[PDB]
Every structure is written in structure tokens, then in C-alpha cells.
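**Student:**
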Ligand code: SF4
Ligand code: SF4
Ligand code: SF4
């Protein structure tokens, strides 16, 4: 009623950012390569997101390889799952961190479904497995941060964090190595394309691709944001909050404004930086060779975090 | 007030249907999807945390395993005396009753649900056995599907 | 149960019908589908425009080879320096393309962009000139030849190292290349595996050294050298880039005033300004461009090292205006016969990496 | 043709999508010989044209760029890729070979198998000439094209 | 508990009548386990505190193990490629 405007604005914003992020990765990487991304489509280059996503729907294109309507259904679920993860950020939810875990459990289901040609489907099973490995990793980390906290509500963790990515720097580094491994350098190579299959990404077909990439970047902004609340600085100049930051707020006057903004601008800055890391990790990047990613996580990253569980409570009971 | 909430016995109505649909479905994949939806209805019934536990584990892993197994393993599927034989035993079921009605005529003309307290503590014998039970789970296949030299 | 590799975008271009039989990690059953005939019906001068068409990236290696063999059959300095400069320039252009292509094929884009900027500097040096001829060359360079190569040779040695800076300290590329791409040196020789693909595997036989051609004898070149793999073939070509740049520097220095093509009127044709004073030059000019020249009756085959392997023209001349039969010893075809052996039992994503390391171009193969 | 037709000049809706189409146009790279090498110089110089890879499916792209020699054996494959492309599709013939060195192993023209929207001569044509062909396809999608 | 009981029943019915299939079975069993868990959960809430909630969680853990065991059993059965032994079975 009143909540309808509060939800609307937020989601319109989220979607706006998701759409623009495509153009962001473009421009950023072009700067690295000594080139320019979307030069015209603007002014600025703002209208490359819209005029492109508008052009895939207009194409409006189906093979028995994926069941009739189950062929254009994984496209719906990938976006529908991404929709929930952003909406579960705004709301408080009394048991919030295992509500975030329910959605990234349920997201992957669309990969096992996506292809269900014999061999292409076999290729889908690989990515299905690949995602499953790091999704277990992140849980191990969520759990470590809950060990330090104990309160499952996301908010308590967001508010608790005069330090966050100081003790957990190694963990966060491993978070980004997994957070990207769930979708960027490996998944770019995990796509495989042998042969054609699946062009740039999962046989796009038009205009299911519009909701796919709007679950990709969307679940990269939310995937990095999530990392931010757990591990990174989830709002404010803490050194100032320690040094008596109130000075600027108490001497500001009164309006009940800009105080709510400061934090959002800080988190915006965090996700911006994490996204930039994602921009360069896609640039610097090399191979993935699926078996050479299974070996990396199961045999190494997974038992590394395991040994950490055999330190957190021991040093807590020390 | 809030009549829709009152009518949410709609869960049972849905469930009966959703399971009658897991049976009807040809073939397995659709039925897997169905088991997911049925489990989701179960979760929706837990708002009436076990939803989030059920969604993270059952739908999260089990279902993923059933979908990952069906797509990996080809398997599939869609009176010869022994086949007639079970039905033969049911006609005896009717007879018991028919014999009985004629028998009676003999004389006639902070913290959020927690669980940790009892698991880690009182039932720690069980928690320890559950670490051992999970041991087998991973080991069993590694001694059922391995074929090592 | 197979993977039909391609059928247009395998990872770059080609075309490809590499019917790769598979079982997880098996039997490369390729299909590489009349230049050989067209060349027969074409004069020696006419076959020059056809020559560069085979290996488009290192076209000049094709030009030099053909022109050389035709020179030997016919028996025809400041022109030979221009070739050494241009052969190596086309080797830098052809080495850039391959390093990047393979860096793109399995792994990420980034290096490829950088590869192309320096390429754009060479194509500019290619638009400025046009070039090679059976007598010598089409025409002279320019006064803006000397000072321009230096600006490219200065802003290259650094750039050559950034590409290397990223690859030498190979992230996934080490795990993906190091063991993959089995090339036994004995078996490479048995499969007639051309090289730079052969020299990484250990064997030190290169045409530029074994059989030096025009001005390559007088220029100071280094010893590029462990175990026949993708990684070491990939890195040797990166060293080859710097040594090529040192040849370019060494050849830019040794460039005085000189003529460009062989003065024997029966071959070449360098009048251009003399068309207005000589009668023998027009009777000759008209005749060379109509009929052409008839070479001696006999066989000839002069090999030249291309960056894509072993280039050689087998030209049989029956005293005609055209070559009786021109069979081009295909470096990319020779290298490809070792794919069914090298990629046997290798991975499918690595089967793309194993192909980029071979340094193939379909135009040369077919 | 017709000028400022209907009750009120709108017209607007079609041109809105067409303008959006022409500048966001999705090219499907069909690399054959040398022409594919010049077409890569094109990507190094591309900013708005940028879309290649959509070439791999090929059901994701609209602009079919045939660059290089079309062998007579390659002829039935090039036919099936254009047919396996989505409905609003355009075709760019790059190179003397794809337009019209005529041999006994190559198709005399690419138009023989697939209908050609824009022709770009050269051997290979300069990157900017393909950009000019891209603009010849841009102004064509805009309904601009005529005599 | 009303819901879970009905679900259990259905699951059992689908178990036998088998419906010939043999593939459905594991799904059906997992469903049965869920159904029971539902019944107990309602009873736990009816009773109050860590009485049934724990056993519930256990069956969940145990259910996970059962699906692992069953799935590896399937992977074991269904031997790959067409190579023959010689008269022994
Ligand atoms: S000689 Fe002239 S006509 Fe022939 S190709 Fe060269 S350019 Fe065309
Ligand atoms: S072609 Fe012969 S006759 Fe004709 S003018 Fe020339 S040289 Fe003399
Ligand atoms: S047109 Fe010239 S450029 Fe394209 S393939 Fe033909 S020969 Fe090469």
C-alpha cells in the first residue's frame, strides 16, 4: 500500500543497475585493452543496455533436444531465483542468512534442468557439478562468519561487522575465488562450445537470453553484494565511528536525511570495487578445463576451509 | 478476518494432487520436478525454518542428485500368471469380510528453534554417531563404484 | 559418438571438419576440404598475386619462397635487405596473430587486443609499400622507412614483454599446457613435423640456419631452445619475437642506397622512368606483361622458413611462360598429420589448445 | 517511395525499433580465408558494432558476414547456418571470392546459395570498407536504401 | 499431521502398485520420509520444545544418507559398455 512504492523503486533501481552493468563490463574491459566500449548508443553510451535488450525480444524466434515448454522454462527460473535474492535483502527476515542459502541451493536446479542432444546435456551436467562444488564452499564460509557471530539474521551480521575484512581477508579472498568460479573465468570456459553448443551462452535462442543475462549480471551484483554483507564492510566510515564521526552528523543540523544515504553510498562503493575485481579477473583470466576446476576445489579449497573450522572454535575457547 | 489464511488447508488439496501427478507423470524428470514442487508445498506448510532447512537440503541436494542421476544414467521405462497372482490374493480380502457378516448370524433367526542444545549436548552420543553415519555415506560408493588399481 | 569440431567458429575461423571421436578424454578423424592447377595455367609473374593468398598472415614468406625458387630455376643486396626486413616483419605479424589466437582459444581475450595494435603498425608498413617480385621487388620503400621502423622497434620490445609478463607466469595456462601436446622428437621427424613446432621439442633444425637464404647469413641471430609441449612451443615463439625485432634493428642499420630488382631485362622490369627513352624497354615491357618469360626445362625446390613451418615451392618448368606444375610444400598440412597422434587421448577443451599450438591456417593446408 | 504517410506522422514506432536495430545489429561471423583476417582488424576497431560468438550458435545473431572463399563442398553447410539463423536476418558478402580468383573448387558467387543484402569488393577489402558495408546495412535497416 | 499422513499413504500406494517402472521408487521413498517428518513436526509443535524437532533433523540427515546410498547403488548397477563374461551366471 505504502510498501508498494518502497518495493517498486528499489526493484526498478536494481533492474536499472543490472541492465547498465552489461555496458559497464564492456567499457571497463575496453579501457584495459586500450579501446572504447559502446561509443555511440547513448549519448554517454547509456542506451546500449536498452536498445540491445529491446532487439532480442523483437527477434522473437524450436528443437526437441529440450522438452517443448521446459526449453523456455530454465530461463524463467534463473531470473525468478535472482528476483528473490534482491527482495530478501530489503526485508529484515528474523532468520535471514539461511534464507539466502535457500535461494542459491534452488538457483543451481535450473542448470541440471537447462538441457534435460545427448552430449550437450552431458556438457550441462559438468556445469551442474562445477557450481555445486563452490556452492558447498560458500556455505562453509557463511558458517564460519556465523561462528564468529551466532545470530542468523543478516542484519545483526551487517551491524556487528569495528572490523570485517581484516580477520576474514583470507576467507574473503577465497570467497571471490569461489564467487567468480561460480560464474565468470571458469563458466566462460565451462560453456565449452563443442561444437556450436552453446555459442556464447546456453543456446540463447531469443528472447530467453534477455532473462538469462538478467540472472547472470543480476546474480553477480547480488552475488558480490552478499559477499559484502558477510565479509566486507557492510556500510559506514568505521574509523570515523571510532574517532567520533557524530561531529559531522550532530553539527550537520537536522533533516533525518543523508545519514540513510551515506551507508548506501559506501555499500555502492563496495559492490563497485568488487565488480571491478570481477571486471579484471575476466581480463587477466586463462583456462578452466573442468577436471582442472574439480581438482582445485574438492581436493584443495574445500579441505582448506575444513581445517579453518578446526581453528575458529578452538581460538574462541582460548 | 484473513479468510485466505484460514483456507490454507489448500496445502493438503495441492499435495494430494501434486503426488497424484508424480505418479501420473511420464516420465521421471517431470516426476523429479514434481517431487521438488511437493517438497516446496511441504515448506509452504512449515510457515503454517524447517522450510529453509528442507529447501537447502532436500530440494537443494537430494533433488539435485535425483535430477543429476536421471540425466546421467539412461535407465527409463513406461496377465502372465505371476502378474495375475497379486490380484488373486485381493479377491481373498473381499472373502474374509463376506465370510464374517455371515458369521455374526450364528445366533439369529533467542534462540530461533535452536536444536543445538540437545544435539551437541544431551544427544551428543547421537551427534557423534551421525558423524560416523555420514562417514559410511561417502565411503559406501567409493567401495561400490570405484574400480581402482 | 563423436564431436564434429567447428563447423565455422571452433575458437576463431578456419572452417574445420575435424570429426573428433571421443570418450571423455580419442581418434581425430579430420577432413581438410585447386590452387595447384590454377598456378599451372598462370605465368610466373601472375602466380605472385596468387602466392600471398595461401598463408595470409605470413604472406611474404610465401612470396620469398616462390620468388627464390623461380630465381634459382631462372638463375637471376639493398633489395635482399628489404626482403630480410619484410620476411621478419611478416614473421612478427604472423607470430603476433598465433600467440594471441591461442591465448584466446583456451583462456581469455586481453592479449589478442594488444597483439593487434602492433599488427596495425605492420599493416601500415604494408599499406605504405603496397611487393616482392621474381627479379626483386615491385618498387622502392620511402624516405619515411628508416625513422618509422625505429618508432615501432622501440614501442614493441616493451609490448612484447607485457604479453609474456602475463603468459610466462601462466595461471591456468601452465596446468592446461605443460604436459599436454605430446611431441616426441623422433616421432616428430617421422611425422615430418615442420617446426618452430619441431625446435621446441628439442631438435635444432631450422631452414634459416641449416640453409640460409638472402641476407640471413650476414645477420646476427640467437639460439632459441625443453620437453615437447604446448607451453614450450608457445614460449619459444615469444623469444623468436624479440630476436626477429633484433634482426629488424640490425637490418634497418645496414640499409644504404640501392636498386630493387634484377637488371636482366628477360626477368623483372625496372624502367618506370626509362619507358620514355628506351625502345628495348617498351618491346620488353609489352612482352613481359603479355607473354612473359620461359624458364629453363627442369625441376627446382627451394625451402624457406615461415613462422607456420616449412615453406617450399616444387616448380617443374617445361620451358613455358607458366610453371609446368607448382606444388607448394604445405607447412600447415605437414604439421596437421601429427594431430591424430599428438591429441590422441587428450582432453576436449585441450583439443582446442593442441590446435592453436600447431600454428595452423587453412588457406596454406588446402 | 511514400512521404509523411497516414493521419499523423507516426511512423514513429517502426523507426524507433529500426534505429534501435541498425546500431545494435548482431553480426554472425562466417570466416573463411584472408577476409576473416581483415574482419578481425574490424573488431579491434569496433565499438557499437560489437556483438562473433553469437556466430557460434547461430540462432542468436541477425547479420551474416560471409568473409572469404566459399568452397563448393562448404556450400551446403553455409546454407544450413543461414537457415539455422533467426527470422529477421541480413547477409554481408565480404570479398571478391564471396562476391564473384575464380576456380573449379570454389562457388563463383555466395548469392547463389544464400541471398545477399550488401556486397563489399576488395581482396581483402579494408576494415573501413566493411564498416562502410555495415553502414550500408545500417541505412538499409532504416529503410534508407534506394537508387 | 493430516497432510503428512495422506502423503505417506500416496507414497506407499505408488510403491506397490509398483506401476512396473522401478525408476520412480526412490523418489517415492524420499517423499514418504518427508511426509513423516511433517507429521512429527506438527506433533513437536503440539507438544512444545526439543522433543520431536531433533528426531526430525536426524531423519533429515539420515534421509540424505539414504539418497546417497540409493544413488550409488544405481550407479553401481547399470554397468557400462557391452563386454561379455562366459557361462557362469
Ligand atoms: S590486374 Fe587489375 S584487373 Fe587484375 S586484379 Fe590486378 S587489379 Fe584487378
Ligand atoms: S610491336 Fe613490333 S612492330 Fe609493333 S612497333 Fe613494336 S616492335 Fe615495332
Ligand atoms: S576475397 Fe581475396 S580476401 Fe577474401 S578470401 Fe578471397 S582471396 Fe581472400
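Protein chains in written order, with our numbering: chain A, 4 to 321; chain B, 11 to 159; chain C, 5 to 370; chain D, 21 to 167; chain E, 2 to 90.
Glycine included, each C-beta is placed from N, C-alpha and C at the ideal position.
Is residue 287/C near ligand 2, in the sense that its beta carbon is under 7 angstroms from a heavy atom of that ligand?
**Tutor:** Flag set: Cβ of residue 287/C near ligand 2.
**Student:** Give the straight-line distance between the Cα atoms of residue 20/B and residue 161/D, rounded to the nearest whole angstrom.
**Tutor:** Approximately 54 angstroms between the Cα atoms of the pair.
**Student:** Taking the alpha carbon of residue 145/A as the reference point, which residue from 317/A, 283/A, 311/A has its own alpha carbon closest?
**Tutor:** Nearest option by C-alpha distance: 311/A.
**Student:** Mind checking whether the beta-carbon of residue 52/D lies closer than 7 angstroms to any heavy atom of ligand 3?
**Tutor:** At least one heavy atom of ligand 3 is nearer than 7 angstroms to the Cβ of residue 52/D, so yes.
**Student:** Work out the CA separation of residue 219/C and residue 249/C for me, nearest whole Å.
**Tutor:** Distance between the alpha carbons of residue 249/C and residue 219/C is about 16 angstroms.
**Student:** According to DSSP, is residue 43/A part of a helix, a strand, or is it coil?
**Tutor:** Note: residue 43/A maps to coil in three-state DSSP.
**Student:** List the residues of chain D whose Cβ lies closer than 9 angstroms to the Cβ of residue 54/C, in chain order.
**Tutor:** 121, listed in chain order.
**Student:** When you compare the CB of residue 53/E with every CB in chain B, is at least one pair closer than 8 angstroms?
**Tutor:** By this cut-off, residue 53/E is not an interface position.
**Student:** Helix, strand or coil, according to DSSP, for residue 57/C in the structure here?
**Tutor:** If DSSP states are grouped into helix, strand and coil, residue 57/C belongs with coil.
**Student:** Roughly how many angstroms lie between the CA atoms of residue 150/D and residue 142/D, to the nearest whole one?
**Tutor:** The straight-line gap from Cα to Cα measures roughly 10 angstroms.
**Student:** Am I right that residue 155/B and residue 76/E are in contact with their C-beta atoms under 8 angstroms? What's the rounded C-beta distance?
**Tutor:** Residue 155/B to residue 76/E, Cβ: 5 angstroms. Contact.
**Student:** If you draw a straight line from the C-alpha of residue 352/C to the C-alpha of residue 11/C, how long is it?
**Tutor:** C-alpha separation (whole angstroms): 16 angstroms.
**Student:** Are residue 112/C and residue 285/A touching if we call contact CB-CB under 8 angstroms?
**Tutor:** Yes, they are a contact pair.
**Student:** Report the rounded CA-to-CA distance for residue 87/B versus residue 43/B, giving the unit in angstroms.
**Tutor:** Roughly 17 angstroms separates the two Cα atoms.
**Student:** Please determine, among 110/D, 92/D, 136/D, the residue with the shortest C-alpha to C-alpha distance to residue 123/D.
**Tutor:** The shortest C-alpha separation from residue 123/D is found at 92/D.
**Student:** Would you say residue 7/C faces chain A, with C-beta separation under 8 angstroms as the test?
**Tutor:** Chain A contact via Cβ: present.
**Student:** Can a CB atom of chain C be found closer than 8 angstroms to the CB of residue 105/D?
**Tutor:** For residue 105/D, the answer is no, since every Cβ of chain C falls outside 8 angstroms of its Cβ.
**Student:** Please list the partners that residue 57/D has in chain C, where partner means a Cβ-to-Cβ separation under 7 angstroms.
**Tutor:** Under the 7 angstroms cutoff, chain C gives 60, 61.
**Student:** In whole angstroms, what is the alpha-carbon distance linking residue 31/D and residue 156/D?
**Tutor:** Going by the C-alpha atoms only, they are around 22 angstroms apart.
**Student:** Flag residue 57/C as yes when its Cβ comes closer than 7 angstroms to any non-hydrogen atom of ligand 3, and as no otherwise.
**Tutor:** Indeed, a heavy atom of ligand 3 lies less than 7 angstroms from the Cβ.
**Student:** Quick check on the DSSP output: what are the complete alpha helix (DSSP H) runs of length 4 or more inside the region 48-77 of chain D, in order along the chain?
**Tutor:** Segments of the alpha helix (DSSP H) lying fully in the region 48-77 of chain D: 54-63.
**Student:** Quick test of your reading: residue 62/C and residue 87/C, contact by CB under 8 angstroms. State the CB separation rounded to the nearest angstrom.
**Tutor:** Not quite, the Cβ-Cβ distance comes to about 13 angstroms (not below 8 angstroms), so this is no contact.
**Student:** What does the alpha-carbon distance come out to for the pair residue 229/A and residue 187/C?
**Tutor:** Approximately 48 angstroms between the Cα atoms of the pair.
**Student:** If you drop the 5 nearest sequence neighbours on each side, which residues of the same chain put their C-beta closer than 6 angstroms to that of residue 1/C?
**Tutor:** Since the first residue shown for chain C is 5 and the last is 370, residue 1/C is missing from the structure and cannot be characterised.
**Student:** Threshold first: 4 residues or longer. Then list the alpha helix (DSSP H) segments lying entirely within the region 14-77 of chain B, N to C.
**Tutor:** Listed in chain order, the complete alpha helix (DSSP H) runs (minimum 4 residues) inside the region 14-77 of chain B are 20-34, 38-54, 60-64.
**Student:** State the CB to CB distance for the pair residue 167/C and residue 252/C, rounded to an integer number of angstroms; the pair is presumed to be in contact (CB under 8 angstroms).
**Tutor:** About 17 angstroms separates the two Cβ atoms, so there is no contact after all.
**Student:** Check residue 15/A in the structure and name its three-state DSSP category.
**Tutor:** If DSSP states are grouped into helix, strand and coil, residue 15/A belongs with the helices.
**Student:** Among the candidates 267/C, 346/C, 173/C, whose CA atom is the shortest distance from the CA of residue 239/C?
**Tutor:** For the residues 267/C, 346/C, 173/C, the minimum Cα distance to residue 239/C belongs to 173/C.
**Student:** What is the rounded straight-line gap between the Cα of residue 119/D and the Cα of residue 225/C?
**Tutor:** So the alpha carbons of these two residues sit roughly 44 angstroms apart.
**Student:** Is the separation between the beta-carbon of residue 147/A and that of residue 280/A shorter than 8 angstroms?
**Tutor:** For residue 147/A and residue 280/A, no; Cβs fall outside 8 angstroms.
**Student:** In this structure, does DSSP put residue 293/C in helix, strand or coil?
**Tutor:** Helix.
**Student:** Any idea if residue 287/A is buried or exposed, counting beta-carbon neighbours within 10 angstroms, 16 or more meaning buried?
**Tutor:** Residue 287/A should be labelled exposed.
**Student:** Residue 286/A versus chain C: which residues are under 9 angstroms apart at the beta carbon?
**Tutor:** In chain order: 112, 113, 114.
**Student:** Can you give me the Cβ contacts of residue 7/C inside the same chain, cut-off strictly under 7 angstroms, excluding the 5 residues immediately before and after it?
**Tutor:** If we look at residue 7/C and ignore the five residues flanking it on each side, its Cβ neighbours are 24, 26, 352.
**Student:** So the alpha helix (DSSP H) residue 241/C belongs to, where does it begin and stop?
**Tutor:** First-last of the alpha helix (DSSP H) with residue 241/C: 234-257.
**Student:** If we count the other Cβ atoms within 10 Å of its Cβ and call it buried at 16 or more, is residue 180/C buried or exposed?
**Tutor:** It is buried - the Cβ of residue 180/C has at least 16 other Cβ atoms within 10 Å.
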